[PDB]
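A short worksheet on the structure shown next.
Hydrogens, waters and symmetry mates are skipped; everything else that's a heavy atom, side chains included, is used. Letters A, B, ... are given to chains in the order of the sequence lines, protein chains preceding strands, and every chain is numbered from 1.
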Amino acid sequence: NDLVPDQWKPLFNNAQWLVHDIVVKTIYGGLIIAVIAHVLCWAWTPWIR
Amino acid sequence: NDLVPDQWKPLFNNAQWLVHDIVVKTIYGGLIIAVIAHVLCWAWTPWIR
Amino acid sequence: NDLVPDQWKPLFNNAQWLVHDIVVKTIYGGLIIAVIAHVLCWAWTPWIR
Amino acid sequence: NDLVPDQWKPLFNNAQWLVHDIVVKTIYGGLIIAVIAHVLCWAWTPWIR
Amino acid sequence: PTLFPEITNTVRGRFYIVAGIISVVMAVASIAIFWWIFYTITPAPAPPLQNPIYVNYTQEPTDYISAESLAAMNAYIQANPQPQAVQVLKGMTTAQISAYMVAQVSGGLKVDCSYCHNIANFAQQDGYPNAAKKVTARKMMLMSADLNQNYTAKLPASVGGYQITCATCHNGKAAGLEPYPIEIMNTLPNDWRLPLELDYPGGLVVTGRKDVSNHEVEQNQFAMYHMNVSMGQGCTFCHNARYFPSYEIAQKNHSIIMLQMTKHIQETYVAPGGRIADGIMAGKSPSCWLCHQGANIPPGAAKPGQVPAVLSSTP
Amino acid sequence: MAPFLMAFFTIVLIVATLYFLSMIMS
Amino acid sequence: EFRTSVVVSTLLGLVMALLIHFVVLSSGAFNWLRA
Amino acid sequence: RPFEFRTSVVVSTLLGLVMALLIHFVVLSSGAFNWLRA
Amino acid sequence: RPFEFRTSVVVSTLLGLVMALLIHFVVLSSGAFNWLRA
Amino acid sequence: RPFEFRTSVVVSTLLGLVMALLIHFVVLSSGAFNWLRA
Amino acid sequence: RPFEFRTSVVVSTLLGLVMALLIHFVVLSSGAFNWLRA
Ligand code: BCL
Ligand code: BCL
Ligand code: BCL
Ligand code: BCL
Ligand code: BCL
Ligand code: BCL
Ligand code: BCL
Ligand code: HEM
Ligand code: HEM
Ligand SMILES: CC(C)=CCC/C(C)=C/C=C/C(C)=C/C=C/C(C)=C/C=C/C=C(C)/C=C/C=C(C)/C=C/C1=C(C)C(=O)CCC1(C)C
Ligand SMILES: CC(C)=CCC\C(C)=C/C=C\C(C)=C\C=C\C(C)=C\C=C\C=C(C)\C=C\C=C(C)\C=C\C1=C(C)C(=O)CCC1(C)C
């Protein structure tokens, strides 16, 4: 677990930290895409009305 | 359990304390977002009338 | 069970006493909120009539 | 069974006596509240008539 | 002086007697006090309606009739004593015609006379904007007479002498009459309607056919549960469930007459060569529920001898 | 006379219970 | 056992309270919750 | 002790949640309040 | 220890998700707000 | 360690997929958007 | 390692196949395209 910050060493393995980084970046990219999709769908047809 | 305050040492592991901190901060953020959402939905359409 | 008062030492563990304190304070807060909610709902629409 | 009166020592443990005291006081409080509720409901709408 | 020293001497055993006694009286007091509360606060089941004209329908909160209308009505009777230009209703004095029109005709629709004619002149046919409603009502009276003489007559007297009238199908609503409401479509498909297309003395027959399968049995079961809801008495009301093809119960024969009658309603009045034109009842195909409403005898059905003779099952 | 009799039989039940429970609780 | 009596009494009381509340509310006798 | 504290906590919390849901649903369905378009 | 932290986390998270779904459903079916053509 | 990372990953991914499917189906069935002839 | 590569492959492939089938069936049943006789 040398790659893990010592704050998260009790929780994250060395390999689990890299997979967690991938998951975090994927969640962030998906969030940006979801925000863009929501803005586009609102400009198209507002659902709240 | 060093990172845990001695008040909560009988209850919280060292790793459980960090996950608890994450859960608490997530609950607080969700509560702020829920309050904002409720104020917006009330300004939009009051459900109590 | 040191933290427990000796009256309740036969019943409460050391960790169970802290969780019981949390439960008691949560019940009290919920009771205050419930009283406020009932007064508001009565001022709004009395159910007993 | 040190805290139990010797009359009820054959029946009540040391911890069971405290829980019994809580149960008795809860039953008494609930009975007072039930009497008040019945008097109020009678003053409101007598069910015997 | 005891024989059960472990039960009457020892505090644990001695206590068990009190425990058992207190638990028995606690359970008895539980049950007794519950049933006491339930029977004292619960109202008596409402007394069954006793109206002279109807089975279990009442018109008598007659607030729906204006005062101006009841005033003009008795004035009209006072001046005009025999009816003027009745086309159906041939054998009735204007007083009896008027009493029937208030009790049954408007009492069945729960509407004022101004719903169908001008209150100044009950007799004028086409002098007001609501004349179309009067011609519709006259055609409905003809339809009622036809249903009474051509389908209610064939039912035995053991059923009763009940006759179809306005409140039988309207039940207090002039328009917006909904056969097949969502209440009776609980486990049926909501699109499902009674299959009045078929020739009914044998239209839903399914047993041992070998040219039908579970799809036709499913249609049959939809129709049969519709009859279950329409007459709350369930499935053995007209069947010996050991053999459904059997006509044991004799309510199955009454139901054949009634199926023919509702098919006749649909073919003659709902959609005579199309419902859009030349058809009364606004394209509302009938159902058993439309008048039975969860009873074996329709609540709005008139008791024997209450409808006019012209509309009666025997004229 | 039915309420009279039901009250009578319940009090006889209770007094019987006090008597023989008094003996058992002796 | 005291625990058994406690469980039985508490459950009986809760069931009774629910039953009586529901009987009283369905009776439409008291003017409670628009009755 | 007669009762584990965890057992009492589970039972009380579940009873409270069930009762809150039941009372909310009874009050909503009563149509006595004009809440959520009633 | 009365309660494993993992157990409380699972129970609280599942209760919150179930309640969010239930409340969303109830509010959407009520037709009391013009959400999603209502 | 209160929670295996693999368990949290499985639960979060399955919850996200189920919620995406549910929300897509609710939005498509609402007919509020004119998507896929709605 | 937290996640066997074979497990991730099985899960991803099955999810992709299920989603392709689901989306194909939703699109074909929608009648929005005029594909396979609309
Ligand atoms: C409105 C008047 C109605 C009626 C409606 C009710 C209703 C409603 C109830 C009763 C109940 C009872 N009624 Mg009644 N009752 C009527 C007529 C009668 C008559 C009579 C001949 O006229 C009698 C003898 C009774 C007799 C009784 C007893 C059986 C009981 C009240 C005392 C009791 O033992 O429980 C005493 C109760 C307690 C000791 C419980 C104490 C519980 C504590 C206080 C907790 C309460 C719950 C609390 C909210 C939880 C909070 C927990 C949080 C974590 C903090 N009723 C009339 C018809 N009756 C009450 C009952 O409980 O039934 C068992 C009840 O529910
Ligand atoms: C829902 C049950 C919750 C719980 C909720 C509470 C609450 C809440 C409290 C306690 C408190 C106590 N609990 Mg605890 N407690 C729980 C589980 C336990 C267990 C267990 C078996 O493990 C035990 C042994 C205990 C033991 C105890 C003692 C440590 C302590 C003192 C009680 C006492 O003396 O009562 C004697 C007192 C009574 C019995 C009074 C009876 C009250 C009746 C109902 C009348 C109420 C009047 C009402 C407030 C007025 C109503 C008016 C309306 C506003 C209109 N709890 C469960 C999880 N516990 C008390 C505390 O710690 O004090 C800080 C307290 O505040
Ligand atoms: C609008 C008025 C309606 C009515 C509607 C309701 C509704 C709605 C409710 C009650 C509930 C209750 N009502 Mg009522 N009530 C009415 C009339 C009455 C009458 C009376 C004779 O008139 C009485 C005596 C009561 C009595 C009561 C008690 C049984 C209870 C409130 C106190 C309680 O014990 O729980 C106190 C509650 C707590 C201690 C729980 C505390 C929980 C904490 C605060 C968490 C809350 C959830 C939170 C959002 C989760 C956040 C977690 C995140 C992770 C951070 N009601 C009228 C008819 N009543 C409330 C109840 O809870 O039922 C059990 C409730 O749900
Ligand atoms: C959903 C449950 C979550 C959780 C969510 C939280 C949250 C959220 C918090 C804690 C916090 C605490 N938790 Mg935790 N906690 C969890 C699991 C646990 C477990 C477990 C068995 O493993 C334990 C032992 C603990 C223990 C603790 C202590 C470490 C700490 C202090 C609590 C306290 O003193 O309460 C005493 C205080 C009370 C009991 C107040 C009661 C509040 C009532 C409900 C009134 C609320 C008023 C409301 C805010 C106003 C409403 C107004 C509306 C806006 C209109 N948690 C689970 C996973 N925990 C607290 C923290 O750490 O502080 C930084 C806190 O903020
Ligand atoms: C529109 C107004 C509607 C209504 C619709 C809703 C809806 C809709 C909801 C609620 C919910 C709630 N409402 Mg409401 N609500 C109304 C009226 C009321 C009233 C009142 C008497 O009038 C009250 C007291 C409440 C009370 C509440 C609480 C029970 C709760 C909000 C706080 C909470 O505990 O969860 C706080 C929530 C959190 C702490 C969760 C935090 C989760 C984090 C932020 C993740 C969110 C999911 C995220 C997208 C996932 C991203 C993961 C990616 C991997 C990054 N509502 C009116 C009728 N209400 C909300 C709820 O959650 O129910 C449990 C909710 O779903
Ligand atoms: C059109 C507008 C509709 C609506 C339709 C949808 C739809 C449709 C969706 C959401 C979803 C969501 N909406 Mg919405 N939404 C609306 C109104 C709202 C409102 C609001 C009060 O108005 C809110 C708060 C939300 C909130 C949300 C969040 C719960 C979520 C988006 C962020 C998220 O957490 O997931 C963020 C998502 C990710 C982090 C996943 C990232 C996945 C990566 C990018 C892979 C994607 C799959 C990819 C194709 C696979 C490729 C693999 C190959 C091997 C390479 N919606 C209106 C009614 N909403 C989205 C969701 O995911 O639900 C969970 C979604 O599916
Ligand atoms: C016609 C347009 C329809 C529609 C119909 C479909 C259909 C149909 C499909 C999708 C699928 C998808 N669509 Mg779509 N889609 C539409 C609108 C959208 C919109 C948008 C908001 O408008 C979005 C964001 C998407 C998004 C997506 C992604 C979820 C996905 C395509 C990339 C993917 O991840 O899988 C990429 C796919 C791969 C990486 C798999 C690669 C497999 C290899 C090539 C083998 C293929 C099988 C091969 C024949 C086997 C040969 C083996 C022999 C042994 C050699 N669609 C409109 C409504 N959509 C596709 C999907 O796969 O769903 C998961 C699909 O099936
Ligand atoms: C009794 C003799 C009788 C009268 C009178 C009557 C009148 C009547 C009117 C005036 C209408 C139209 C109401 C309107 O505002 O549109 C109407 C319509 C329907 N009726 Fe009728 N009707 C009488 C008797 C019966 C009987 C016995 C039946 C049942 C077979 C019946 C049925 C119907 C139906 C169906 C309609 C259509 C209701 C609609 O939705 O508009 N009527 N009737
Ligand atoms: C109970 C819900 C119910 C069942 C089940 C049921 C079955 C059933 C079958 C199988 C037939 C066809 C039998 C055949 O081969 O002759 C059938 C036909 C009729 N039923 Fe029926 N039926 C049920 C309920 C009811 C009820 C409540 C009635 C009467 C109100 C009723 C009546 C009839 C009649 C009449 C027929 C003959 C129809 C035909 O076209 O000949 N059924 N049922
Ligand atoms: C008719 C009507 C309207 C009825 C309604 C009336 C009623 C009765 C309403 C009821 C309200 C109630 C009871 C609401 C309850 C809300 C709760 C319990 C929310 C829970 C939140 C839990 C939360 C946010 C949990 C978050 C969990 C997190 C963040 C997990 C974190 C994580 C875990 C645990 C790990 O592994 C590792 C770390 C990581 C961050 C990944
Ligand atoms: C329909 C009609 C008209 C009905 C009429 C009415 C009737 C019939 C009865 C009425 C009322 C009744 C019976 C009410 C019952 C109320 C109860 C039981 C509330 C419980 C509250 C429990 C509470 C607040 C529990 C809180 C628990 C908490 C905060 C848990 C805390 C925790 C626990 C325990 C842990 O481990 C560690 C995690 C954490 C610290 C979060």
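Judged purely by atom type and a 3.5 angstrom limit, E:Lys173 has no side-chain atom pairing as donor or acceptor with the backbone of E:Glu178. The backbone N or O of J:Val9 lies less than 3.5 Å from a partner atom in the side chain of J:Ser12, making a donor-acceptor pair. Within the 3.5 Å criterion, the main-chain N or O of K:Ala20 finds a donor-acceptor partner in the side chain of K:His24. When atom types are taken as modelled, the side chain of B:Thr26 and the backbone of B:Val23 share no donor-acceptor pair closer than 3.5 angstrom.
In this structure, the ring of B:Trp47 has its center less than 6.0 angstrom from the ring center of B:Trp42.
Within a 6.0 Å sphere centred on NZ of E:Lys263, heavy atoms belonging to other residues, nucleotides or ligands number more than 12. By the 6.0 Å contact criterion, CZ on H:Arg6 is open, its count of non-hydrogen atoms from other residues, nucleotides or ligands being 12 or less.
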- Item | Chi angles and distances behind the side chain to side chain contact (heavy atoms under 4.5 Å, CB included) call for H:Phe33, G:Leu33 | CA-CA 8 Å; H:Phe33 271 98; G:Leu33 291 176; 3.7 Å; yes
- Residues B:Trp8, B:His20; criterion ring-ring contact (aromatic ring centres under 6.0 Å, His included); working and verdict: CA-CA 12 Å; B:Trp8 306 110; B:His20 177 262; 8.3 Å; no
- Message: For E:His226 and E:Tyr180: C-alpha separation, side-chain torsions, deciding distance, then whether side chain to side chain contact (heavy atoms under 4.5 Å, CB included) applies.
- Response: CA-CA 9 Å; E:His226 183 51; E:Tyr180 319 90; 4.0 Å; yes
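Going from atom CG of C:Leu40 over to atom CD1 of C:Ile33 covers 11.5 Å, rounded to the nearest 0.5 Å.
The shortest distance between side-chain heavy atoms of J:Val10 and K:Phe3 falls below 4.5 Å. By the 4.5 Å heavy-atom criterion applied to side chains, H:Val11 and H:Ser8 are not counted as neighbours. Between B:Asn1 and B:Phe12 the shortest side-chain heavy-atom distance does not fall below 4.5 Å.
Closest approach of C:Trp44 and H:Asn34 over heavy atoms only: CZ2-O, 3.6 Å. Smallest separation of non-hydrogen atoms from E:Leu194 and E:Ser287: CD2-CA, 4.4 Å.
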